[PDB]
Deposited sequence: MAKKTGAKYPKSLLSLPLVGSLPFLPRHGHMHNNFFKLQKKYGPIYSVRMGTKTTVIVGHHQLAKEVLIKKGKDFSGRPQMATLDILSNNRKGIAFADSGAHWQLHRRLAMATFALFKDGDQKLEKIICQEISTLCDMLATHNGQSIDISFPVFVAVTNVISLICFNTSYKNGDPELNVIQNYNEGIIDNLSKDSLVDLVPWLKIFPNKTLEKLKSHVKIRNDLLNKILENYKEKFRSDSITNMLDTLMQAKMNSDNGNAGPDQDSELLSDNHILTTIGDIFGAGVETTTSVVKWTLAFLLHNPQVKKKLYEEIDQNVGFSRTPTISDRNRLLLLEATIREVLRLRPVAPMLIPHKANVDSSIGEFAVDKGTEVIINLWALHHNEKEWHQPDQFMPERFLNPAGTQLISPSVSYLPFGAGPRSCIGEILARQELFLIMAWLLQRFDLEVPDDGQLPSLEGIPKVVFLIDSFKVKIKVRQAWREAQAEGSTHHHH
């Protein structure tokens, strides 16, 4: 009796469980590195830190490419910008100019910390009006960090009530939902198989956003002067008139770059805040210690500041643990091999998509103790007097040529938002008992479901205004 001809095989069910976890589970069978092939395209999936650091760092320039996706073509305006641009002149030029801009905010009246604390103070104010109510803090936060990024890009911010923020949130939500059903890593290229309106939807959202950007671009071409270089949009225009590069800095090129900066800045950081609050509602004991800690080292004589990250250690560990358990990009962004190269002595041909399963790196049992648990203690020494790095299998922000450019902005924004929130507010479970689900919704960003927090102004903050 004969066996059936097999026209295709896949190692697990599509749309069943989270991709990053499904790949992780296969390592029991196949090893920390393996490949899958769809049609003519081969994809490799790496899930151990050693091989990862080889793809990211050691042979970084070999694997610094981005694969083309129908859905990303639209968002990045045909692989422009930074995040979704192939490695090349365009990419390298803009990446450095972006990174350069963060130097203009290292001191002065535009010290990044001052720009941040300003919008947080607007934030805490707004929230305080909801004293004794249960609310979704997504949009109050979205607004705060949008303002920070807008100040970095244009030296401007939005006024409270401005409906442009709403327009932005709508297309932000729409781009994310249509960018991919789930993770960016798709096994089967569904959208090319069945009739669907996925691309039409994404175009019409991204059109709105590109309109809004182009509008800002025009109403800044007049306000620009080489005598004043203070923000990201200045930096890009400075470098354009000095030009071989006149093509690499067209309108569409600066548009799309500002695009990635705006998106990355707001969505990643707002997601992580939410994940942070969510975890603390599940773990009161930790929350108590964070309250206890903040009262000892900052009290109520003043508002928190960067310099406090040197003493508010448990808060720092907490943020570190949230980024461990729930990475923003559980599988980073997909990489590509620019040349023929190797990983763990295995040949990898030019054009091969390479995927780093960061989920596997943060949940590896040999590297972490009880990795499935939320234990910020893991990032502190046994006394709790300094921070540690208990594993090298940890890469929230990536590494090497395509690593995160806004890590420093992000780490600060997060630290300040929580510290302020913790100083001023009692954050509790809403009256009907519902906690949020820490299962999460993997899209291009690892989101959490909407949820509510009952929010009260702490007595100790009130009884210290007299």
Compared with the full deposited sequence, the modelled chain skips 1 to 12, 256 to 263, 487 to 494
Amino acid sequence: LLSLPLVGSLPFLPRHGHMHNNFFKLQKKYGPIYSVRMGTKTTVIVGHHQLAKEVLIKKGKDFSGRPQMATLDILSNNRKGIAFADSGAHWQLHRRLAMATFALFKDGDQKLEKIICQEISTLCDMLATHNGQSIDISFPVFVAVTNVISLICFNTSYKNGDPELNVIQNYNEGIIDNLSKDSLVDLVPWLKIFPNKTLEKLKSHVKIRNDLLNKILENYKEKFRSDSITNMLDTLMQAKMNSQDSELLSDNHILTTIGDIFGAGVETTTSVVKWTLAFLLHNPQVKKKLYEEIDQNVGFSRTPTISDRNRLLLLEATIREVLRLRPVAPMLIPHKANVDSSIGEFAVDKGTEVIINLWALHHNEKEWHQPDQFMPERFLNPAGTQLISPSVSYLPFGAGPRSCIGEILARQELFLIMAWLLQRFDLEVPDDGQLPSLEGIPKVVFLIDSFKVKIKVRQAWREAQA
From here on, numbers count along this sequence of modelled residues.
165 to 173 versus 222 to 230: which one carries the higher mean Cα B factor per the record? 222 to 230
Higher-scoring stretch by recorded Cα B factor average, 370 to 378 or 213 to 221: 213 to 221
Using the entry's values, work out which of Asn147, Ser134, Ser87, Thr268 has the largest Cα B factor. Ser87
Go through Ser138, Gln238, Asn357, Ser183 one by one and give the residue whose Cα B-factor in the PDB entry is largest. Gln238
Among the modelled residues of this chain, does the Cα B factor of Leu409 put it in the lowest, middle or highest third? highest
On the chain's distribution of Cα B-factors, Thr257 falls within the third called middle
Among the chain's modelled residues, which third holds the C-alpha B-factor of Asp431? highest
State the tercile, meaning the lowest, middle or highest third, of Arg309 with respect to the CA B-factors recorded for its chain. highest
Cα B factor band for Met418 (lowest, middle or highest third within the chain): middle
